[PDB]
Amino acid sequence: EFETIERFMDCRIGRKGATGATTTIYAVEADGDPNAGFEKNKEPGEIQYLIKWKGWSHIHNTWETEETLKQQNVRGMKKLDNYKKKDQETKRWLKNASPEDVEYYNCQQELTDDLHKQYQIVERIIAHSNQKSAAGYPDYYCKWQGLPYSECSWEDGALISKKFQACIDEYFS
């Protein structure tokens, strides 16, 4: 029973403890962002990485530290070392580059950020489970915006209904 890092999505100095399940986009929507109002130079912070997990869709991405990754015994830890290398190489480059380059870099980061956001949006629902929860919710097989059909995933119906009820209505139309 272990989790595997699929991809490092982002990196920040965040409030200590703002990691794990409370940082998913749906936890934040429901309960507020654990990193809200964090100001780097007035409160203790830590390096945190946004993780896309193998076998979990992008809505389940979480912020993690090197420490939490190790404590949870996740697989794919070689990707951390690679990420830290690329990051240090990128930061060296930024320090000298002409703002003409910095501009192009920033543009590619913004386009990338926008792409990543799409991955967390249900484009349409493809199928629903026969089994339903006590509360009557089936699970839903979801096609994600900007991802191919191979990246569809089963999702908790109660969770999907909080934000994508229109997709549900459309599927049952």
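All residue numbers are counted from 1 along the displayed sequence.
- The mean Cα B-factor in the deposited entry runs higher for 164 to 172 than for the other of 4 to 12 and 164 to 172.
- Across the two stretches, 70 to 78 and 91 to 99, the PDB entry reports the greater mean Cα temperature factor for 91 to 99.
- The PDB entry assigns its highest CA temperature factor, among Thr65, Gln108, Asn35, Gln120, to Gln108.
- Remark: of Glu46, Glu29, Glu39, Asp114, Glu39 shows the highest value [criterion: C-alpha B-factor in the PDB entry].
- Split the chain's modelled residues into thirds by C-alpha temperature factor. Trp56 is in the lowest one.
- Among the modelled residues of the chain, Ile126 sits in the middle third by CA temperature factor in this PDB entry.
- The deposited CA B-factor of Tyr141 belongs to the lowest third of values across its chain.
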